[PDB]
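First, one chain by itself in structure tokens, the form deposited in one PDB entry.
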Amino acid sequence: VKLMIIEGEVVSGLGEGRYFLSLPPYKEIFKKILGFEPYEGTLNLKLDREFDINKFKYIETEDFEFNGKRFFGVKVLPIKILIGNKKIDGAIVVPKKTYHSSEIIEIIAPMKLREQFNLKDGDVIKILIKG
């Protein structure tokens, strides 16, 4: 086991994180796994290379039905979010089935990080992950 520190650049998406994280079943999944109710959104970070989550120990949930529609399970990887000298509880989240790795990762946390830590696009933060 190694603790890895990785840097990423804050970027904007199309608001997808707030869609999913506001849905009751996803809220419940994250609350149970992580022990906090995430702020409804994902802080999207651009890394210098693709992130392969299958290189880490994560929890994976199954697809589920909500109000007549099938939704995808998720892979959940606990992290610490490193902003200055603060270590903030969070997680990396990826859809259960992805067909390649991405240099963009989605981070969840108990608070809105942009608001609490004044992050803007292009700001670089770090994350700590058990590998």
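All residue numbers are counted from 1 along the displayed sequence. C-alpha atoms forming the largest set that superposes within 1.5 Å between two forms make up the rigid core.
Asks: Please compare 60-68 with 39-47 and say which has the higher mean C-alpha temperature factor in the record.
Replies: The stretch with the larger mean CA B-factor is 60-68.
Asks: On average, are the C-alpha B-factors higher in 112-120 or in 21-29?
Replies: Comparing 112-120 with 21-29, the higher mean C-alpha B-factor belongs to 112-120.
Asks: Lowest, middle or highest third: where is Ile79 by Cα B-factor in its chain?
Replies: For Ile79, the deposited C-alpha B-factor lands in the middle third.
Asks: So where's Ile6 on the chain's Cα temperature factor ranking, which third?
Replies: For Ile6, the deposited C-alpha B-factor lands in the lowest third.
Asks: Comparing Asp52 with the other modelled residues of its chain, is its CA B-factor in the lowest, middle or highest third?
Replies: Top third by C-alpha B-factor.
Although not depicted, the form deposited in another entry is the subject of the following passage.
Asks: Please say whether, between the shown form and the other one, the C-alpha of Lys32 moves by 2 Å or more once the core is aligned.
Replies: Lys32 C-alpha, core-superposed: shift of less than 2 Å.
Asks: Establish whether a shift of 2 Å or more occurs at the C-alpha of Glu16 between the shown form and the other one, with the two forms superposed on the rigid core.
Replies: Shift at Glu16: 2 Å or more after core fit.
Asks: Look at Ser101 and decide if its Cα position differs by 2 Å or more between the shown form and the other one after superposing on the rigid core.
Replies: Indeed, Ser101 is displaced by 2 Å or more.
Asks: Knowing the shift is 3 Å or more, I'd like to know if the C-alpha atoms of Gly17 and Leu82 are closer or farther apart in that other deposited form than in the shown chain.
Replies: Those two alpha carbons end up farther apart in that other deposited form.
Asks: Flagged pair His100/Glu106: C-alpha distance shifts by 3 angstroms or more in that other deposited form. Which direction, closer or farther?
Replies: It is closer: the C-alpha separation of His100 and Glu106 falls by at least 3 Å in that other deposited form.
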